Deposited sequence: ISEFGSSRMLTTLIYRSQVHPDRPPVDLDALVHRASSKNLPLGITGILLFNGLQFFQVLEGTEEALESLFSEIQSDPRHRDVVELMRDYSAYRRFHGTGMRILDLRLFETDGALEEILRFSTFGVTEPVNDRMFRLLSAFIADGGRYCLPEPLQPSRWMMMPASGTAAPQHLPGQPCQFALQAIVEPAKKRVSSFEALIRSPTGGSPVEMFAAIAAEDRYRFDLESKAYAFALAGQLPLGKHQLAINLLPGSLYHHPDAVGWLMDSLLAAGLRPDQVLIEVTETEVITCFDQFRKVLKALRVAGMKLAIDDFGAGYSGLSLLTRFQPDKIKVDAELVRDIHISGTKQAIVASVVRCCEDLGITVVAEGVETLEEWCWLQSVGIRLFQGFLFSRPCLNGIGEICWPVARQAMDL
């Protein structure tokens, strides 16, 4: 079955320039008997390749290409089924963009290429080609943000309590600064939030979720606290199945020596979406009281920034599924960069969570993320502040 594969990559500027002549001669000669067609674009620093052929033949070739030491930062942009070949000729075509001016490159592409009965601008492949020609260095990973240039550098449990809390830090690595702490619920035996809520009767889970926060506020009250935000997770139901849940949280946090502005509530969009008029009453009560709110797991389940027409949170936490393998996904790169920009324009804080690798941290930083949560920096610490690992040079 005919398939299209589109990727971008970049060269090593430190090494001798790649023989473009030998590359394209051997490519075109290998591709032809395998039924592989397409075009290669080169701007002096970046490669852009469109590959056409069977799914099995493109998977075999991309594996060899990803593995090729001539280039790095290989980012897949498109991979889908096709009805016709766009490129024709007994081999791989190549354009050195540096030697074309203004729109001569798009002119040479359109010489031998077929884009159907409608205008070429109606083809996604052509639009992706145009975007690389007009502005290719856009998602080119900067040299200081190359992952290869980076490397990475006590408290007891409480079984007597009905619940305990683990703390995970939100960090800003550029200033080596802890931004805030998120409280994660744990069972008396140190079990997960799943295990904890499973032990609670279903009709009592909303009330338990709200009242467990008294133990989170108390813990935060005994810690070197001072002036970091405390994020707590709540179901929206737990907030409005109660006569004054906002006022209850208010009394509970103030008795622990915390401030309204220091406490942030984390809810997801999936949880909120079914009940806007119910939630907007709760958010209003939170705002007036002085408490903050984040939209958590933004990317998982129902997620869109058109949600921001209903209300604007103080913070948006980008889901770990958008963060996962962002270094190779053109789709995830575009989406996260879009979130960063929208929130910057609206004055909404952005946190990327589930950050596990340097490659994730580096690419998230290139698209504008400054606040990070994940195992790479700091793991959740039961009833205390865990150690933070900072990325250092070399």
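- No C-alpha positions are given in the record for the deposited-sequence stretches 1-8, 162-167, 409-413.
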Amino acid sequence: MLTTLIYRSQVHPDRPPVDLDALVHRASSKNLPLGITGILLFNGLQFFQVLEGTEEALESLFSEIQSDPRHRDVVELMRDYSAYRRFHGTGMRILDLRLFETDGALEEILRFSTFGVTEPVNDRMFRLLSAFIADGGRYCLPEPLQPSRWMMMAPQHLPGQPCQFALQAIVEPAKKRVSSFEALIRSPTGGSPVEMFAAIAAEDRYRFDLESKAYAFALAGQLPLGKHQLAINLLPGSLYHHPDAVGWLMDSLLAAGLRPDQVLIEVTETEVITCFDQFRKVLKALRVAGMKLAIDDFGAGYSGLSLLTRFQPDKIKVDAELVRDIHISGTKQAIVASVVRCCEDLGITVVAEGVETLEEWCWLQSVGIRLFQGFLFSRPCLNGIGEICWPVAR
From here on, numbers count along this sequence of modelled residues.
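For the two forms, the rigid core is made up of the largest set of C-alpha atoms that agree within 1.5 Å on superposition.
- Two stretches, 222-230 and 257-265, are weighed by how far their CA atoms sit from the shown form in 4 other deposited structures of this protein after rigid core superposition; the farther one is 222-230.
- Taken in 4 other deposited structures of this protein and fitted on the core, 192-200 and 158-166 differ in how far their Cα atoms move from the shown form, and the one that moves more is 158-166.
- Mean C-alpha B-factor is higher over 231-239 than over the other stretch, the pair under comparison being 161-169 and 231-239.
- Taking the PDB entry as given, 271-279 carries the higher mean Cα B factor of the two stretches 271-279 and 125-133.
- When all modelled residues of the chain are sorted by CA temperature factor, residue 202 is found within the middle third.
- When the CA B factors of the chain's modelled residues are split into thirds, the value for residue 179 lands in the highest one.
- For residue 311, the recorded CA B-factor ranks within the middle third of the chain. Only modelled residues enter the ranking.
- When the CA B factors of the chain's modelled residues are split into thirds, the value for residue 318 lands in the middle one.
- Residue 214 sits in the lowest third of its chain by CA B factor, as recorded in the PDB entry.
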